[PDB]
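**Q** I'd like to ask you about the structure that follows.
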Amino acid sequence: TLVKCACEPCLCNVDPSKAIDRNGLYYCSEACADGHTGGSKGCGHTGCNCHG
Ligand SMILES: [Zn+2]
Ligand SMILES: [Zn+2]
Ligand SMILES: [Zn+2]
Ligand SMILES: [Zn+2]
């Protein structure tokens, strides 16, 4: 089963065995783990406009 990503507006479905999981919290890309600091969009894959 896939689990969500830790960004509420992130529509990505990742797994906690492959994702960049820090401490129980799954991040799809580095961008959701940094929290989209400063600049604009998303997680490096298509059309996800998630902020942090
Ligand atoms: Zn995203
Ligand atoms: Zn994400
Ligand atoms: Zn994100
Ligand atoms: Zn993503």
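So you can find residues: chains in the structure tokens are A, B, ... in the order shown, residues in each start at 1, and ligands are numbered from 1 in order.
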What lies within 9 Å of residue A:25 using only C-alpha atoms, ignoring chain neighbours under 6 positions off, as a count of residues only?

**A** 3

**Q** Please write out the residues within 7 Å of ligand 3 as a count of residues only, counting only C-alpha atoms and all ligand atoms.

**A** 11

**Q** Could you give me, as CSV, every chain A residue with an atom at most 7 Å from ligand 4, plus its closest atom pair and distance in Å to one decimal, counting only C-alpha atoms and all ligand atoms, rows ordered by chain then number?

**A**
residue,atom,partner,partner_atom_place_in_ligand_line,distance
A:10,CA,ligand 4,1 (Zn),6.2
A:11,CA,ligand 4,1 (Zn),6.9
A:12,CA,ligand 4,1 (Zn),4.7
A:28,CA,ligand 4,1 (Zn),4.8
A:29,CA,ligand 4,1 (Zn),5.9
A:42,CA,ligand 4,1 (Zn),6.8
A:43,CA,ligand 4,1 (Zn),4.4
A:44,CA,ligand 4,1 (Zn),6.7
A:45,CA,ligand 4,1 (Zn),5.9
A:48,CA,ligand 4,1 (Zn),6.3

**Q** From the set A:49, A:1, A:30, A:38, which residue has the shortest atom-to-atom contact distance to residue A:17, counting only C-alpha atoms?

**A**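 Smallest distance to residue A:17 is found for A:1.
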
**Q** Got a sec to tell me which of chain A DSSP assigns to alpha helix (DSSP H), as number ranges by chain?

**A** A: 30-34
